[PDB]
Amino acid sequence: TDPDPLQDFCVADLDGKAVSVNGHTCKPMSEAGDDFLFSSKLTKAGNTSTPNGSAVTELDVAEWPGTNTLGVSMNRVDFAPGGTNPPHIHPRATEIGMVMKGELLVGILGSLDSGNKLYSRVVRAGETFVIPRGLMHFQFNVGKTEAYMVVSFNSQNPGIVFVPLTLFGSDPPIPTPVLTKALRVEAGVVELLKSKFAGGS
């Protein structure tokens, strides 16, 4: 997990030419002000008119620099009816979330030694879920109304590996012949999938 802090506060210095280190260098405390432990970036709903039908409003250290060194971060996800936060993975953290409105099918997948078990449940307002570090998971809006959830992570920068986008639209894309052997389908099927993720989202 993220390294523990070695002082009370260390607000991230995000200017482009700052020296680079594991995580982020910090602003001098003299330049921090009173406001760094607070944020209002998750107050409004994100735009759900996207191919996935969901919008992620991030609140990691790049968006909330006061989280630097503190080992935590959050995000908000809004969903149009039938929208999905597609099968994805956080490489460096466990996720713990709460559904605020609507009805979401939440699915968590065990690794190979857990027999690739799929745990899935319809989670409603006020109900919570937990996603173990590095496991594949997804959310699907099964209600007729817009849904939204707010989650927390045990990292300032959990990272996100979107499975569909990484598999078919990385930069540059995984060679077709690699994907035909791995997916056990012909090249035409692989190219059809790639054509849907050519936009970069």
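One-based numbering along the sequence shown.
Across the two stretches, 48-56 and 156-164, the PDB entry reports the greater mean Cα temperature factor for 48-56.
Taking the PDB entry as given, 112-120 carries the higher mean Cα B factor of the two stretches 89-97 and 112-120. Out of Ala125, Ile131, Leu104, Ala80, it is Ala80 whose C-alpha atom has the highest B-factor in the PDB entry.
Looking at the C-alpha B-factors along this chain, the one for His137 belongs to the lowest third. Remark: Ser170 belongs to the middle third of its chain, ranked by C-alpha B-factor as recorded. Per-chain ranking of the deposited C-alpha B factor places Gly33 in the middle third. In this PDB entry, the Cα temperature factor of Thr67 sits in the bottom third of its chain's modelled residues, the lowest group. In the PDB entry, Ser39 places in the lowest third of its chain by CA B-factor.
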